[PDB]
Amino acid sequence: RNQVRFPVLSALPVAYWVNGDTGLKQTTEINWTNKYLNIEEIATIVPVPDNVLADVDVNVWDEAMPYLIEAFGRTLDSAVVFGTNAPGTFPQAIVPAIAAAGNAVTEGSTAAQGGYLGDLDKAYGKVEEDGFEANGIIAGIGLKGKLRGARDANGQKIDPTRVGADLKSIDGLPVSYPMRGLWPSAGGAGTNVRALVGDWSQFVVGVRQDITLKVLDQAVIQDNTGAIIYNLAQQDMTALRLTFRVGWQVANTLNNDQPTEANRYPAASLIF
Amino acid sequence: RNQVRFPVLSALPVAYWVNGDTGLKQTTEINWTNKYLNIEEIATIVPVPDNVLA
Amino acid sequence: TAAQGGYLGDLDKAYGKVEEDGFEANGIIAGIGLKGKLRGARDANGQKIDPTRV
Amino acid sequence: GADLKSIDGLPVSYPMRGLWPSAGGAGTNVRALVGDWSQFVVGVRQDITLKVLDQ
């Protein structure tokens, strides 16, 4: 059903020294709370003329499908990672939250400081200090340029073993390059982001209904005024409808390190 | 032939968030186009006197 | 410049425009004048840059 | 060690999560300790003992 609820901890007991044999003991109580996961819907509708659909070179309902499936992928990814017009019932988008927790690292350190690997070495510290441990890297294509350019004060490579020759791994962690084309890579100082690192185990995604596919033979297509754009029946046309239902949540729970919740996040970012 | 033609994909569909439990599910088409591979020619003439050839 | 890995650093750079345009290269074409500039790939102390790659 | 659990063959550990004095003036903060831990003794007269109350 439409929403789910997770119970979670919110305070811990504490102990005390007793003054002498006779000093009075002291009091504490635990408290819990809860977090929610909401669901939202993606849809599209596609029309075509009936004669065209027969006289065509090859079958469009086979040709189009992979491109529809990709598009249904990318709108989701875009909304969650960057907050691109996302429905307001979701949590705050990843990049703004990492910045709000103070876990965003500005690029720029000298070859003597370890060059660009020195910034990545710094990025782990933010996650570790928030009490989590990272397990994978997500990046835009421009990160390859920085990695390829990581050079010593005399021009040789920094830390020469520590990166896979295929650019698929660093420190033995896996790397990947999705949403390619979307990554904010032009703009003023500090607006641009090159990679993310975090504990990806912390994030959950729920799908309530997969890609559902329906043909239409005799419906009517409107615009927001209630005027009619196409009478699918009288005009000898056909259409296809797609829908999908999803939501996600982050479980940034209380722990002994970084107990003030506004300062935790299970990820960190590299920015310019 | 003096030309050949290649079909190619020109634009892609998109998708939308539905507003609430009831709102218009907005709409998209998809489009192809083509390219053309023309042909041209290189040539020369090389003249010489017959006595030189002998 | 030598501290940036010399001429190899700019070949490394030239790879980043093709990558970003969504492709990756698989062969190199050059004028013979490259040979000398390529042998000139020296570290600030005089050793070779990136010795095993070439 | 690549796991950050050993230096020079000695073991390392990270207890009291969040307590380590890490902000203040100059010289107010401490990062790590090294020693011969064999020389330190602890005695416990009784374990955790537990009672429930009504009145």
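Within each chain the first residue of the written sequence is number 1 and the count goes on from 1 in that order, possibly differing from the entry; residues lacking coordinates are omitted. Lettering for chains starts from A, numbering for ligands starts from 1, and both go in the order in which the items are written. As shown, the structure covers only some chains of a larger assembly, and all values describe those chains. Water and hydrogen atoms were dropped before computing side-chain values, which therefore reflect all heavy atoms in the structure.

Student: Requested: an account of the sheet that holds strand β3 (residues 40-49) of chain A, with residues and values cited.
Tutor: A sheet is described by the order of its strands in space; here four strands give the open sequence β9(A)-β12(A)-β3(A)-β2(B), paired in antiparallel fashion. In this open sheet, the two strands that pair with only one neighbour each are β9 (204-216) of chain A together with β2 (16-17) of chain B. Any two strands between which DSSP finds at least two bridges are classified as paired. Strands here are runs of E lasting at least two residues and helices are runs of H or I lasting at least four, both read from the DSSP assignment and numbered beginning at the N terminus. In terms of strand pairing, β3(A) meets strand β12 (residues 237-249) of chain A through ten bridges, oriented antiparallel. Bridge pairing in β12(A) links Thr44(A) to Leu242(A).

Student: Tell me what's going on with the side chain of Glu19(C), and back it up with residues and numbers.
Tutor: For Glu19(C), the position within the fold is in helix α1 (residues 6-20). Each residue is placed in one exposure class: buried if its accessible area under a 1.4 Å probe, protein chains only, is under 20% of its type's maximum, exposed if it is over 50%, and partly exposed if it falls in between. Judged by relative accessible area, which is 15%, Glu19(C) ranks as buried. In this view, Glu19(C) contacts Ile141(A), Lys144(A) and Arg148(A); residues no more than four positions away in its chain are not counted. Two residues form a contact once any of their heavy atoms are found within 4.5 Å.

Student: Which residues make up the side chain of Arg194(A), and what are the values?
Tutor: Residue and element names in this part refer to chain A. Relative to the assigned elements, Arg 194 resides in strand β8 (residues 193-198). Among the residues examined, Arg 194 registers a relative accessible area of 14% and is labelled buried. For this analysis, a polar contact is any N or O atom pair within 3.5 Å, provided that within protein one partner can donate a hydrogen and the other can accept it, and provided that sequence-adjacent residues contribute only side-chain to side-chain pairs. Engagement of the side chain of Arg 194 in a polar contact is seen with the side chain of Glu 107, the distance being 2.7 Å. Aside from chain neighbours lying at most four places away, what touches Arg 194 is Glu 107, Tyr 116, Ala 139, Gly 140, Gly 142, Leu 143, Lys 146, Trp 183, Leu 270 and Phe 272.

Honestly, that's just the spatial picture; any functional story needs more than this.
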